[PDB]
Amino acid sequence: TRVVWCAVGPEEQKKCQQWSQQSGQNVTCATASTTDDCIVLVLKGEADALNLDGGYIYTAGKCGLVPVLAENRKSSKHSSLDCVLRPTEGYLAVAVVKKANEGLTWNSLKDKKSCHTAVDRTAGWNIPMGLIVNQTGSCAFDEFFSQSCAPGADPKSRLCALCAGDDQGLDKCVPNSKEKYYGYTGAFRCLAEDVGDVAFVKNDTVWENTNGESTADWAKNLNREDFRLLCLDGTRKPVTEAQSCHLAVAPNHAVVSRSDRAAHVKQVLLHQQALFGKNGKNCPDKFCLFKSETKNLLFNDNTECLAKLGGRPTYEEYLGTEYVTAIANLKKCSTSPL
Ligand SMILES: *[C@@H]1O[C@H](CO)[C@@H](O[C@@H]2O[C@H](CO)[C@@H](O[C@@H]3O[C@H](CO[C@H]4O[C@H](CO)[C@@H](O)[C@H](O)[C@@H]4O)[C@@H](O)[C@H](O[C@H]4O[C@H](CO)[C@@H](O)[C@H](O)[C@@H]4O[C@H]4O[C@H](CO)[C@@H](O)[C@H](O)[C@@H]4O)[C@@H]3O)[C@H](O)[C@H]2NC(C)=O)[C@H](O)[C@H]1NC(C)=O
Ligand SMILES: *[C@@H]1O[C@H](CO)[C@@H](O[C@@H]2O[C@H](CO)[C@@H](O[C@@H]3O[C@H](CO[C@H]4O[C@H](CO)[C@@H](O)[C@H](O)[C@@H]4O)[C@@H](O)[C@H](O[C@H]4O[C@H](CO)[C@@H](O)[C@H](O)[C@@H]4O)[C@@H]3O)[C@H](O)[C@H]2NC(C)=O)[C@H](O)[C@H]1NC(C)=O
Ligand SMILES: *[C@@H]1O[C@H](CO)[C@@H](O)[C@H](O)[C@H]1NC(C)=O
């Protein structure tokens with residue numbers, strides 16, 4: 001009858017108990033120091049469910065766990081209305097260049113300068129690098145691009161050679177705002193200021209930093225008219241073509257559980273969201289399920305809704321094939337010595 005949520009960390013736990021109070025014991029709590037550990041608890045059946053990102057889903061899918069509800073995020077386009085009925089699409093990981101540099105295509109990237117949001121980031125790293133392994137067949141992506149700015153790698157690396165830090169020699173290649181070329185924005189600036197030949201960002205990154213949308217000096221005089229997406233065809237389409245010229249769709253996070261206790265979770269959550277969701281009965285009142293004393297506890301903070309999925313998809317399908325191609329190959333290069 002009860003659903004046991006698994007909290008990764010002492011603060012998720014703190015929230016999970018409030019949830020349990022308000023829910024009048026309909027949702028109780030397990031907890032673990034790691035996510036992989038919470039996954040396990042779901043397998044062992046010591047905990048029922050928890051929300052996971054593209055990558056953890058895979059992990060858990062492979063261990064035979066199942067997506068249940070996606071986590072839809074507030075957006076520019078999303079109707080925002082009756083979102084519970086289906087998932088929204090989620091970021092389009094795109095490769096971006098300037099129109100100038102004609103030679104550049106998804107095929108001719110070897111030994112170019114690269115700009116990454118940060119290491120281990122989905123659109124900035126996992127997706128693009130994952131699909132380059134698919135090309136090269138090899139795992140030596142550390143040495144694919146001549147030099148790069150990938151915040152979070154070793155400052156000594158060539159993967160950090162392009163990163164600028166605070167421009168006073170400090171905080172080179174760190175995954176913070178302190179690193180000049182960090183983030184979607186920073187990777188895009190990395191491109192704009194001709195430090196790098198390709199930037200791996202998302203659709204909007206381009207738009208929201210062109211044609212007046214950004215007041216930053218490097219951004220003032222930037223026209224979408226001057227940048228191209230790279231498609232997997234090796235075709236260079238305009239910036240407006242993200243929809244059919246992306247690398248992959250960043251997966252929406254997803255609530256996950258065993259099939260044997262899948263539809264129960266589903267049924268129990270939709271109610272808890274009605275009580276505690278963005279505009280549920282008791283949200284401004286007793287407990288908001290998508291607000292966090294810290295940030296992103298149990299659920300990302302900017303969660304519109306948990307969404308009924310489209311039938312009964314396997315993780316392979318829920319994640320999209322492009323993404324798995326990637327995470328797979330980075331999971332093969334990962335765990336290389338067996
Ligand atoms: C790739 O990335 C880009 C960048 O994010 C993205 O473009 C954005 O698309 C959205 C949706 O098409 C645009 O949103 C609309 O913007 C207007 C206001 O526009 C101005 O102000 C913004 C900044 O605040 C500027 O960026 C923009 O250039 C304009 O100057 C809003 O009024 C719209 O509101 C609607 O939001 C929802 C949209 O589905 C709905 O809730 C509803 O339609 C809202 O509006 C209206 O509906 C009522 C019924 O018709 C009507 O009666 C009401 O009066 C009301 O008008 C909406 O937010 C956004 O501006 C774009 N941003 C940029 C920078 O271009 C692409 O969509 C994305 N595409 C791909 C390829 O993935
Ligand atoms: C934790 O999970 C439990 C179990 O799912 C939730 O319990 C439900 O709580 C609601 C509200 O307290 C219950 O709903 C109401 O029950 C009334 C009487 O109960 C009988 O009839 C309903 C069906 O009508 C049966 O489901 C139930 O077993 C009983 O036989 C009903 O009269 C109400 O329905 C009528 O009036 C409303 C309002 O006008 C109409 O909208 C309806 O169409 C209908 O005419 C209503 O169903 C519900 O039955 C409970 N389930 C149980 C115990 O079986 C907890 O809410 C949840 N807790 C939290 C905080 O998350
Ligand atoms: C690379 O990616 C595409 C799309 O995932 C796939 O169809 C193709 O066969 C892959 N190539 C190799 C050699 O795996």
# chains A, B, ... in the order shown; residues from 1 in each chain; ligands from 1
call {"tool": "closest_atom_pairs", "arguments": {"of": "chain A", "to": "ligand 1", "cutoff": "7 Å", "atoms": "only C-alpha atoms and all ligand atoms", "output": "JSON lines"}}
result
{"residue": "A:76", "atom": "CA", "partner": "ligand 1", "partner_atom_place_in_ligand_line": "10 (C)", "distance": 4.5}
{"residue": "A:77", "atom": "CA", "partner": "ligand 1", "partner_atom_place_in_ligand_line": "11 (C)", "distance": 3.8}
{"residue": "A:78", "atom": "CA", "partner": "ligand 1", "partner_atom_place_in_ligand_line": "39 (O)", "distance": 5.2}
{"residue": "A:79", "atom": "CA", "partner": "ligand 1", "partner_atom_place_in_ligand_line": "39 (O)", "distance": 4.6}
{"residue": "A:80", "atom": "CA", "partner": "ligand 1", "partner_atom_place_in_ligand_line": "41 (O)", "distance": 5.9}
{"residue": "A:92", "atom": "CA", "partner": "ligand 1", "partner_atom_place_in_ligand_line": "72 (O)", "distance": 6.6}
{"residue": "A:203", "atom": "CA", "partner": "ligand 1", "partner_atom_place_in_ligand_line": "1 (C)", "distance": 4.8}
{"residue": "A:204", "atom": "CA", "partner": "ligand 1", "partner_atom_place_in_ligand_line": "2 (O)", "distance": 3.5}
{"residue": "A:207", "atom": "CA", "partner": "ligand 1", "partner_atom_place_in_ligand_line": "4 (C)", "distance": 5.0}
{"residue": "A:208", "atom": "CA", "partner": "ligand 1", "partner_atom_place_in_ligand_line": "64 (C)", "distance": 4.9}
{"residue": "A:213", "atom": "CA", "partner": "ligand 1", "partner_atom_place_in_ligand_line": "64 (C)", "distance": 6.7}
{"residue": "A:240", "atom": "CA", "partner": "ligand 1", "partner_atom_place_in_ligand_line": "71 (C)", "distance": 5.7}
{"residue": "A:241", "atom": "CA", "partner": "ligand 1", "partner_atom_place_in_ligand_line": "71 (C)", "distance": 6.0}
{"residue": "A:242", "atom": "CA", "partner": "ligand 1", "partner_atom_place_in_ligand_line": "71 (C)", "distance": 4.6}
{"residue": "A:243", "atom": "CA", "partner": "ligand 1", "partner_atom_place_in_ligand_line": "71 (C)", "distance": 4.8}
call {"tool": "residues_near_ligand", "arguments": {"ligand": "ligand 3", "cutoff": "9 Å", "atoms": "only C-alpha atoms and all ligand atoms", "output": "number ranges by chain"}}
result
A: 131-137, 232, 321-326
call {"tool": "closest_residue", "arguments": {"among": "A:84, A:47, A:191, A:60", "to": "residue A:117", "atoms": "only C-alpha atoms"}}
result
A:191
call {"tool": "closest_residue", "arguments": {"among": "A:163, A:305, A:96, A:85", "to": "residue A:247", "atoms": "only C-alpha atoms"}}
result
A:96
call {"tool": "residues_near_ligand", "arguments": {"ligand": "ligand 2", "cutoff": "8 Å", "atoms": "only C-alpha atoms and all ligand atoms", "output": "number ranges by chain"}}
result
A: 1, 22-27, 268, 271-272, 275
call {"tool": "write_last_selection", "arguments": {"atoms": "C-alpha atoms", "output": "mmCIF file, in the first residue's frame"}}
result
data_model
loop_
_atom_site.group_PDB
_atom_site.id
_atom_site.type_symbol
_atom_site.label_atom_id
_atom_site.label_comp_id
_atom_site.auth_asym_id
_atom_site.auth_seq_id
_atom_site.Cartn_x
_atom_site.Cartn_y
_atom_site.Cartn_z
ATOM 1 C CA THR A 1 0.000 0.000 0.000
ATOM 2 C CA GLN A 22 1.985 15.552 4.861
ATOM 3 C CA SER A 23 1.124 12.454 2.817
ATOM 4 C CA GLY A 24 -0.181 10.910 6.072
ATOM 5 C CA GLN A 25 2.329 8.027 5.740
ATOM 6 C CA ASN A 26 1.362 7.199 2.126
ATOM 7 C CA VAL A 27 4.950 7.832 1.063
ATOM 8 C CA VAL A 268 0.308 7.204 -5.917
ATOM 9 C CA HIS A 271 -2.195 12.081 -6.360
ATOM 10 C CA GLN A 272 0.751 13.456 -4.353
ATOM 11 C CA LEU A 275 -1.809 17.587 -3.336
#
call {"tool": "select_by_dssp", "arguments": {"residues": "stretch 40-201 of chain A", "states": "helix (DSSP H, G or I)", "output": "CSV table (one decimal) with C-alpha atoms, in the first residue's frame"}}
result
chain,number,residue,atom,x,y,z
A,40,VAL,CA,20.1,-1.1,-5.6
A,41,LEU,CA,17.7,-0.5,-2.7
A,42,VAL,CA,14.9,-0.4,-5.4
A,43,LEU,CA,16.2,-3.8,-6.8
A,44,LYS,CA,16.4,-5.3,-3.3
A,54,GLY,CA,19.2,10.2,-18.3
A,55,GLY,CA,22.4,8.5,-17.3
A,56,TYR,CA,21.3,7.0,-14.0
A,57,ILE,CA,18.1,5.7,-15.8
A,58,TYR,CA,20.4,3.7,-18.2
A,59,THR,CA,22.3,2.2,-15.3
A,60,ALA,CA,19.0,1.3,-13.7
A,61,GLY,CA,17.3,0.2,-16.9
A,62,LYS,CA,20.2,-2.2,-17.6
A,122,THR,CA,24.9,15.8,-21.0
A,123,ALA,CA,24.7,18.2,-24.0
A,124,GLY,CA,28.1,19.6,-23.3
A,125,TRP,CA,29.9,16.3,-23.1
A,126,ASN,CA,28.3,12.9,-22.7
A,127,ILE,CA,26.1,13.2,-25.9
A,128,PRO,CA,28.7,14.7,-28.3
A,129,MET,CA,31.7,12.6,-27.1
A,130,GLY,CA,29.5,9.5,-27.1
A,131,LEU,CA,28.7,9.9,-30.8
A,132,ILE,CA,32.3,10.6,-31.7
A,133,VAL,CA,33.3,7.2,-30.3
A,134,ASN,CA,30.5,5.9,-32.5
A,135,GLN,CA,32.4,7.4,-35.4
A,136,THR,CA,36.1,6.6,-34.5
A,141,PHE,CA,38.3,11.1,-27.3
A,142,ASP,CA,40.6,12.8,-24.8
A,143,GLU,CA,42.9,13.1,-27.9
A,158,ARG,CA,44.8,19.8,-23.6
A,159,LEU,CA,41.2,19.5,-22.6
A,160,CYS,CA,41.7,22.6,-20.5
A,183,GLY,CA,28.5,26.6,-19.1
A,184,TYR,CA,26.2,26.8,-22.2
A,185,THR,CA,26.9,30.5,-22.3
A,186,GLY,CA,30.6,30.1,-21.7
A,187,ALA,CA,31.0,27.4,-24.4
A,188,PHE,CA,29.1,29.7,-26.8
A,189,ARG,CA,31.4,32.6,-25.9
A,190,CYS,CA,34.3,30.1,-26.4
A,191,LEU,CA,32.9,29.8,-30.0
A,192,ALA,CA,31.9,33.5,-30.6
call {"tool": "residues_around", "arguments": {"residues": "residue A:146", "least_positions_apart": "5", "cutoff": "10 Å", "atoms": "only C-alpha atoms", "output": "PDB file with C-alpha atoms, in the first residue's frame"}}
result
ATOM      1  CA  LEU A 109      36.022  17.539 -36.397  1.00  0.00           C
ATOM      2  CA  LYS A 110      39.236  15.586 -35.661  1.00  0.00           C
ATOM      3  CA  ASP A 111      41.975  17.902 -34.336  1.00  0.00           C
ATOM      4  CA  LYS A 112      39.749  20.986 -34.053  1.00  0.00           C
ATOM      5  CA  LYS A 113      39.283  23.248 -31.055  1.00  0.00           C
ATOM      6  CA  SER A 114      36.261  22.259 -28.930  1.00  0.00           C
ATOM      7  CA  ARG A 158      44.832  19.794 -23.569  1.00  0.00           C
ATOM      8  CA  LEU A 159      41.162  19.470 -22.600  1.00  0.00           C
ATOM      9  CA  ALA A 161      44.219  24.353 -22.837  1.00  0.00           C
TER      10      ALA A 161
END
call {"tool": "residues_around", "arguments": {"residues": "residue A:210", "least_positions_apart": "2", "cutoff": "10 Å", "atoms": "only C-alpha atoms", "output": "MDAnalysis selection string"}}
result
chainID A and resid 204:208 212:215 219:226
call {"tool": "closest_residue", "arguments": {"among": "A:328, A:95, A:33, A:235", "to": "residue A:316", "atoms": "only C-alpha atoms"}}
result
A:328
call {"tool": "atom_distance", "arguments": {"atom1": "atom CA of residue A:299", "atom2": "atom CA of residue A:276"}}
result
12.4 Å
call {"tool": "residues_around", "arguments": {"residues": "residue A:302", "least_positions_apart": "4", "cutoff": "12 Å", "atoms": "only C-alpha atoms", "output": "number ranges by chain"}}
result
A: 71-75, 253, 277-278, 288-292, 295-298, 306
call {"tool": "write_last_selection", "arguments": {"atoms": "C-alpha atoms", "output": "PDB file, in the first residue's frame"}}
result
ATOM      1  CA  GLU A  71       9.766  15.297 -15.010  1.00  0.00           C
ATOM      2  CA  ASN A  72       8.677  18.154 -17.304  1.00  0.00           C
ATOM      3  CA  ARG A  73      10.427  21.490 -16.860  1.00  0.00           C
ATOM      4  CA  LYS A  74       9.043  25.019 -17.218  1.00  0.00           C
ATOM      5  CA  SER A  75       9.921  26.260 -20.715  1.00  0.00           C
ATOM      6  CA  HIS A 253      14.583  13.010 -15.690  1.00  0.00           C
ATOM      7  CA  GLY A 277       2.615  19.807  -7.148  1.00  0.00           C
ATOM      8  CA  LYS A 278       3.279  23.197  -8.774  1.00  0.00           C
ATOM      9  CA  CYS A 288       5.565  22.006  -2.131  1.00  0.00           C
ATOM     10  CA  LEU A 289       6.959  18.824  -3.629  1.00  0.00           C
ATOM     11  CA  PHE A 290       9.094  20.721  -6.188  1.00  0.00           C
ATOM     12  CA  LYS A 291      10.581  23.375  -3.881  1.00  0.00           C
ATOM     13  CA  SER A 292      13.809  22.623  -2.022  1.00  0.00           C
ATOM     14  CA  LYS A 295      18.256  22.868  -4.543  1.00  0.00           C
ATOM     15  CA  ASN A 296      16.781  20.025  -6.609  1.00  0.00           C
ATOM     16  CA  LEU A 297      15.971  17.774  -3.633  1.00  0.00           C
ATOM     17  CA  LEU A 298      14.193  14.612  -4.859  1.00  0.00           C
ATOM     18  CA  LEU A 306       5.364  14.626 -13.533  1.00  0.00           C
TER      19      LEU A 306
END
call {"tool": "closest_residue", "arguments": {"among": "A:48, A:12, A:82, A:37", "to": "residue A:257", "atoms": "only C-alpha atoms"}}
result
A:48
